[PDB]
Amino acid sequence: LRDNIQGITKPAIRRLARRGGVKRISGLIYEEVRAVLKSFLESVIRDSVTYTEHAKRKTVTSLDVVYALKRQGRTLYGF
Amino acid sequence: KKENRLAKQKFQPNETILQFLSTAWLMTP
Amino acid sequence: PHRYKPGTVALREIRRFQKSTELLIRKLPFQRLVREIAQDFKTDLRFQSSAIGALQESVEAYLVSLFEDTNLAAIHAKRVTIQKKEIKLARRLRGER
Amino acid sequence: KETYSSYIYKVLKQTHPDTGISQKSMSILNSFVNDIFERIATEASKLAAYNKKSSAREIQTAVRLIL
DNA sequence: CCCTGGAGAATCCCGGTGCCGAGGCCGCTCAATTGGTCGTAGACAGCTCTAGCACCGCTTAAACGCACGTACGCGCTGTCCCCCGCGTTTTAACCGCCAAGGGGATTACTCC
DNA sequence: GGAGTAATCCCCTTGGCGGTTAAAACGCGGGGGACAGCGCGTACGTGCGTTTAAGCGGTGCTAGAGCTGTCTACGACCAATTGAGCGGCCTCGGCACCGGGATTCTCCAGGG
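Overview of the structure.

### With respect to the overall build of chain C
Next, step 1: Each helix and strand in chain C was counted, giving 4 helices and 0 strands.
Next, step 2: Ordered by position from the N terminus, the helices and strands of chain C form the series α-α-α-α.

Shown next as structure tokens:
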């Protein structure tokens, strides 16, 4: 029971560029930023699985996302 | 809007050009 | 056929997409990517309800900041749009590893 | 259960009597206020251990350097 | 060719008018008072002292031109590329709908 | 007379579908984005004739520094009482994006 990605849009990636200050496009705009997404997320989850496998313990409430992403290099507020 | 709303294979030979359409018919009507 | 110069209609696209709280990421498959990431190694998550929104908005922050840094490095070069080399410049200098 | 909201609206009445705000702003207030509390407590922990003097000046230095 | 008459589109001043909305208001309740007990961080007096700064007295290490002199910064110029514009279409998460067993808890019934 | 067996509640999942829109992509036109080589010169290139300073080493103590008696200056227990805002609710003021009304944004083919 697993699902996987299909390509990350022409339109929504285009709006991602639109709020990134982009009007036209090159051939290197849609796909690669998602590759940076995948690399950064794989690094942060690599650190997380190292943390949770060194001691073999689970996680805690939703306060983890702000701390883990702050160490990662881009955290969030909102609640 | 019909094209948007709406959305096995067979075997069939062919014959042409030089052909002897063969029939061994007792043509007795 | 009122077909005008691209870039100015792209400018009105930018104006529409950079005005309100509209979620520019048509991105429940972003959530499925997050699920594939999370269940790639472990299981039995049992997390909160709206945490998907928070993690996705952090994803948006990272990716969009990458977008602006890439566009700055692109106008730094002689190419206005997003180029992979500009993204390499924007990520390597950040200390990617 | 316990709400800082009543005290917050008391301060508002000190500032503005009849203004209404949103709940999302209240949640962001909770998050940022508490993380400021955590950071200010973390900053002024072992300063008294920098030299053999282990108060108010600890948190004063905390706010002096974080700001 | 400039300048423009005329063509395309699209959401800003205030509501839809019925409800979002923040923490006043009923007072009570649970860790604050003050009744006494109690020994620990911060520190005042205390004495020269670490390595070398005021002189003198330094030797060259950078720091400064010249005499040309010898290549590349930014855009002309070039194809070239090329991928959105935004309509249109098909992959594509979430949340009820179904009918069951596990099983933790929980007592009907009971029993040694 | 409280627990042992086991009959009860039940609700929650293990999973598969209605209903569903967005999610990614096509797709055609072109025109602005794609990325660079040259022009040439300006943008740097550079190595030896010409000096202040830098990092110091020749006395004497010389601003800050670590220094051991014996403490001055304070911050945290418990026990009967009690007030702050919390335990729960939803009151009257003012909401909340496309319409009444359309000038803006953007290009283009003739006036000129």
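### Side note on the overall build of chain A
Next, step 1: Counting secondary structure elements, chain A contains 3 helices and 0 strands.
Next, step 2: A globule of 79 residues ought to have a C-alpha radius of gyration of about 12 Å, yet chain A, at 16 Å, is considerably larger.
Next, step 3: Considering only C-alpha atoms, chain A reaches an extent of 50 × 30 × 20 Å along its principal axes.

### Here we look at the interface of chain D and chain A
Next, step 1: The interface is formed by 7 residues belonging to chain D together with 4 residues belonging to chain A.
Next, step 2: Considered class by class, the residues forming the side of chain D that touches chain A number 2 nonpolar, 2 polar and 3 charged.

### Quick look at the pattern of salt bridges
Close approach of charged atoms allows side chains of opposite charge to pair.
Next, step 1: Its salt-bridge partner being C:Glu13, residue A:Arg18 comes within 2.7 Å of it at the nearest N-O pair. Here the residue A:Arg18 occupies a position in helix α1 (residues 11–19), and C:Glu13 occupies one in helix α1 (residues 9–17), the pair thus bridging two chains.
Next, step 2: Across the pair C:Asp69 and C:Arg94 runs a salt bridge whose closest N-O atoms are separated by 2.3 Å. One end of the pair, C:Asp69, is in helix α3 (residues 51–76); the other, C:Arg94, is in the segment after α4 (84–92), and 25 residues separate them in sequence.

### Some thoughts on the arrangement of the chains
Next, step 1: Comparison of the 2 pairs of chains in contact shows the highest number of contacts for chains A and C.
Next, step 2: Separated in space, chain B and chain C share no contact, their closest pair of C-alpha atoms being 21 Å apart.
Next, step 3: These two, chain B and chain D, are apart from each other, with no contact and a minimum C-alpha gap of 41 Å.

### Observations concerning the packing of aromatic side chains
Next, step 1: Their ring planes at 10° and their centres at 3.7 Å tell us that A:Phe40 and C:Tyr62 sit as a pair that is stacked. Placement of A:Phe40 in helix α2 (residues 30–54) and of C:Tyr62 in helix α3 is noted, with the two residues assigned to different chains.
Next, step 2: Taking 5.8 Å as the distance between ring centres and 65° as the angle between the ring planes, the aromatic pair formed by A:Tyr77 and D:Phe32 counts as edge-to-face. Pair noted here: A:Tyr77 is in the segment after α3 (64–72) and D:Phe32 is in helix α2 (residues 23–43), and the two residues belong to different chains.
Next, step 3: Across from the ring centre of C:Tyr62, 5.8 Å away, lies the NZ or CZ of C:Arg94, which sits over that ring.

### A look at the packing of α1(A) against α3(C)
Next, step 1: Where α1(A) meets α3(C), the closest approach of the two axes is 8 Å, and the angle between their N-to-C directions is 60°. In this structure, α1(A) crosses over α3(C), and the sense of that crossing is right-handed. For the pair α1(A) and α3(C), the contacting residues are A:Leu16, A:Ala17 and A:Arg19 in the first and C:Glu60, C:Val64, C:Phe67 and C:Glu68 in the second.
Next, step 2: Residues of the contact of α1(A) with α3(C), tallied by class, amount to 4 nonpolar, no polar and 3 charged.

### What to know about the interface of chain C and chain A
How big an interface is tends to be reported as the loss of accessible area on association of its parts.
Next, step 1: Contact residues are listed per partner, giving 40 residues for chain C and 43 residues for chain A.
Next, step 2: If you tally residues by element for the side of chain C that touches chain A, the top one is α3(C), at 13 residues.

### Brief notes about the environment of C:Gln31
All names here are of chain C.
Next, step 1: When you line up the elements, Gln-31 lands in helix α2 (residues 28–38).
Next, step 2: Note: C-alpha distance between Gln-31 and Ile-52 (21 residues apart in sequence) is 7.1 Å.
Next, step 3: Once you skip the residues sitting within four places of it in the chain, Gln-31 turns out to touch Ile-52 and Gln-56.

### Some words on the side chain of C:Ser58
Next, step 1: Within the secondary structure, C:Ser58 sits in helix α3.
Next, step 2: Polar side-chain contacts of C:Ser58 include one of 2.6 Å to the backbone oxygen of C:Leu55.
Next, step 3: Discounting residues that sit within four places of it in the chain, C:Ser58 has contacts with A:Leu69, A:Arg74 and A:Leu76.

### Quick look at the environment of C:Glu57
Next, step 1: Within the element layout of this structure, C:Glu57 appears in helix α3.
Next, step 2: For the pair C:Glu57 and C:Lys42, spaced 15 residues apart in sequence, the C-alpha to C-alpha distance is 23 Å.
Next, step 3: Sequence-distant contacts of C:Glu57, defined by excluding residues within four places in its chain, comprise A:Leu76 and C:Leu23.

Analysis parameters
- Residues numbered from 1 in each chain as written, not as in the entry; some residues may be left out.
- Chains lettered and ligands numbered in written order.
- Part of a larger assembly, values for the part shown.
- Heavy atoms only, no water.
- Residues with missing side-chain atoms left out of burial classes, pairs and counts.
- Helix = DSSP H or I, 4+ residues; strand = E, 2+ residues; numbered from the N terminus.
- Rg over C-alpha atoms; globule rule 2.2 N^0.38 Å.
- Contact = heavy atoms within 4.5 Å.
- Nonpolar A, V, L, I, M, F, W, Y, C, P; charged D, E, K, R; others polar.
- Salt bridge = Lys/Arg side-chain N within 4 Å of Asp/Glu carboxyl O.
- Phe/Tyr/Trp six-rings, centres within 6.5 Å; stacked < 30°, edge-to-face > 60°.
- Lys NZ or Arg CZ within 6 Å of the ring centre and 35° of its normal.
- Axes fitted to C-alpha atoms, helices over the stretch in contact; angles between N-to-C directions.
- Left-handed = near helix turned anticlockwise from the far one by under 90°.
- Polar contact = N/O pair within 3.5 Å; in protein donor to acceptor, adjacent residues only side chain to side chain.

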